[PDB]
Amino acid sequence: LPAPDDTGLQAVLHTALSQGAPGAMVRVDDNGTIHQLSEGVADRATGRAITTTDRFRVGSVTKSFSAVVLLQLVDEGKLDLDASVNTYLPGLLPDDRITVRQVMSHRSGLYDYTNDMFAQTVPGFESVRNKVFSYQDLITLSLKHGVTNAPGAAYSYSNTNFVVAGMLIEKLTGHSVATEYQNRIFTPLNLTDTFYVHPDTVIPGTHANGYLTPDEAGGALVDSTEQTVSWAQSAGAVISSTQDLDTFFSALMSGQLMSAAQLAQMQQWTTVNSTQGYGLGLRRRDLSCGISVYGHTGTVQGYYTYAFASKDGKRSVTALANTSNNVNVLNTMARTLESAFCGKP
């Protein structure tokens, strides 16, 4: 690979701050050589600087943790990707032809209940932040809507799919998702900054605060740091750090977390758009210099995450800006992958 471009990374972060991120930071693990940059503040009220060791909410990177647990269950003979969801969770879904594989690749047609919750950004956050949902509560909210397409037929990203994933994990193992994440992933990879504390609202240890951008342009930011994330759970509630998500995605892509057969299933790409695919709880992004990278994005209120690795896991990058509902920042932060993998023009 090209050398990572730290001057480019620096410019990305500075641009994100100019667009409304209080803080922005990035870590690259380039085959044993670290790159780390940060600009701005973890807490905008106190002025404390952001750093690459600050913990944060990784959002839908959680779907890749959930997918690794499910694929290990496939390896163990406890789950068949082409069985119907209702085989394991009887009566859950209106159509017994919706399969596990379809849920994990967002081809199930299940409506995303968070489109209702977050039609208005700050009121929707204030509505859910202190609520505790069961898995079933969220499935019922989705099923109030019709499915959006026939089983398997269309890619439509939906958090409901990884709510189903959490239910599957808990039913087939008899354990909570926290216990499964801990035993299967956090402990074996020594992810000392990685937690699943749902429904606790506290972020353990030193962390970036999150700042939700309101829908009104120029409006004051809302501190969104402490919330249950119960609206997402196995679709979005993990806490981690840049070092730990680099460790995780490198371990995944280098073949340490499941059999070769299940990793190949995880990387069967469904088209998202002309530069992106979705596997099983895994994204592919195609970068301008002809390199594809693999991992996941996250958005929860106040936190935008990118965490991606090369195909062989030897280079991994995690970037965080502590705002959300700010597409300028979101688009800018994607450029960290360009600078880190494609290098200098």
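Numbering starts at 1 and follows the sequence shown.
Participant: Higher mean Cα B-factor in the deposited model: 212-220 or 102-110?
Facilitator: The entry gives the higher C-alpha B-factor average to 212-220.
Participant: Averaging the C-alpha B factors as listed in the entry, name the stretch that ends up higher: 227-235 or 259-267.
Facilitator: On average, C-alpha B-factors are higher across 259-267.
Participant: From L79, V122, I203, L245, which pick has the Cα B-factor that tops the rest in the entry?
Facilitator: Each of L79, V122, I203, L245 was compared by C-alpha B-factor; the highest is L79.
Participant: Among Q301, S64, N31, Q36, which carries the highest Cα B-factor?
Facilitator: Of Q301, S64, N31, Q36, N31 has the highest C-alpha B-factor.
Participant: Report the third (lowest, middle or highest) to which the CA temperature factor of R48 belongs, ranking only the modelled residues of the same chain.
Facilitator: Highest third, going by the recorded CA B-factors of the chain.
Participant: Would you mind checking where the Cα B-factor of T305 ranks among the modelled residues of its chain, as the lowest, middle or highest third?
Facilitator: Lowest third.
Participant: Would you please rank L13 by its C-alpha temperature factor against the other modelled residues of its chain and give the third it falls in: lowest, middle or highest?
Facilitator: Tercile = lowest for this residue's CA B-factor.
Participant: Comparing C289 with the other modelled residues of its chain, is its CA B-factor in the lowest, middle or highest third?
Facilitator: For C289, the deposited C-alpha B-factor lands in the highest third.
Participant: Determine, from the deposited record, the chain-internal third of the Cα B-factor for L337: lowest, middle or highest.
Facilitator: CA B-factor rank for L337: middle third.
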